[PDB]
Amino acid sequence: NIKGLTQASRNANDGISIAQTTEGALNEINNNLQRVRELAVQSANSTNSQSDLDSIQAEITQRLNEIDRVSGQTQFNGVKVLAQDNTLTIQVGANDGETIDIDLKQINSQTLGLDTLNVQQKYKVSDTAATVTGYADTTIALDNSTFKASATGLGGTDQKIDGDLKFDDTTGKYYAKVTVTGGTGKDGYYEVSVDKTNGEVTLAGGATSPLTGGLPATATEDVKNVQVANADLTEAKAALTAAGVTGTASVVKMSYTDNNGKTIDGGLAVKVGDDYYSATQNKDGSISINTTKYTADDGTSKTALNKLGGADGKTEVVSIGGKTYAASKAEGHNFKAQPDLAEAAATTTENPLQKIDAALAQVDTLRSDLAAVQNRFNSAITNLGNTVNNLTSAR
């Protein structure tokens, strides 16, 4: 029978295929590393502005991310050839233990030691107060039942509010159309006091007669709920408390100054102590701290707040566990299915060209090793072929 020897040859060709697959992937990782090296040589041109460095860093980050994708996705018959350290044993002979081994290695940004390769420089960070304006409505529904017992001093038979309360975002005062049944000259506009907790509505200031001139011209909003000033940073403040943040919060406008004295404006931020949390101002004028949304850590869905830090002082970072990653990386990430990781780059990498060449050398010996194993498989295939040919041409 020849079929057992041809199966071994078949296995041997799979061994070549998996080595060639790994080799094509490493040639790609190598290209990405050479580009990263060009960028590193470019970044060392001191005439570069910080904005130039940020741009070069973005492309270095793209290159490193691609390397990580290649490492994670490259496969042969499902075998993720560069996602983990593993020795693959391939039966190329007729009997037990007669195999050729392919030592596969996990090759990625981290194992290559370039996971925090950074060429950026810190900007001088500063801010200026940005006064938040307008109001937003809460969950507190305006309870009007309590009005008629607070307006007994108007008299008559019955005092009832006609319709919805009119709010005034210029003063924060609420007003009411009031029909006083039985009264003489008591119908008109009244200012009402609103319980900012449960929403109760009561005649304000023990008014004994309607406002002179009726409803103020600034009282144009018809509210069904208690208004809260966007300046109280209701949600932002609750998020800061739940995060364990102690200081008083304030909304500021960020500014960043490079080494040449040039400053650009940043976005809005919620300043707390010395820390800055990137924020966004919503439709209604309210403000919310940026969050990133991620899976697990030690099991389950969670959330962290985006602070402004990183290697440049303006990168959205995030603290999970006892670490601080970039938010870009941390978004949609699973630390259960994929733990172990480097935080965000903290400073500029010392001797980056040395580090990139060491990564280029790692990739290269692996490639030389794989080419050597292909050679071993070719030798097996030849001997299997000579045996089978002899049997085929005979009997």
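Start at 1 with the first residue shown and count on from there.
Engineer: Quick check: 75-83 versus 234-242, which has the larger average CA B-factor in the record?
Structural biologist: Taking the mean C-alpha B-factor of 234-242 and of 75-83, the larger value falls to 234-242.
Engineer: Tell me which stretch, 124-132 or 144-152, has the higher mean Cα B-factor listed in the entry.
Structural biologist: It is 144-152.
Engineer: Among the candidates 280, 110, 118, 292, give the one with the maximum CA B-factor reported in the record.
Structural biologist: Comparing C-alpha B-factors across 280, 110, 118, 292, the top value belongs to 292.
Engineer: By the entry's C-alpha temperature factors, tell me which of 89, 138, 255, 106 sits highest.
Structural biologist: Largest recorded C-alpha B-factor: 138.
Engineer: Looking at the temperature factor on the CA atom of residue 8, which third of the chain's modelled residues does it land in?
Structural biologist: Tercile = lowest for this residue's CA B-factor.
Engineer: Where does the C-alpha B-factor of residue 331 rank in its chain, lowest, middle or highest third?
Structural biologist: Highest third.
Engineer: Can you work out whether the C-alpha temperature factor of residue 320 puts it in the lowest, middle or highest third of the chain?
Structural biologist: Answer is highest: the recorded C-alpha B-factor places it there.
Engineer: Taking only the Cα B-factors deposited for this chain, tell me whether residue 161 sits in the lowest, middle or highest third.
Structural biologist: As the PDB entry reports it, the C-alpha B-factor of residue 161 lands in the highest third of its chain.
Engineer: Comparing residue 114 with the other modelled residues of its chain, is its CA B-factor in the lowest, middle or highest third?
Structural biologist: CA B-factor rank for residue 114: lowest third.
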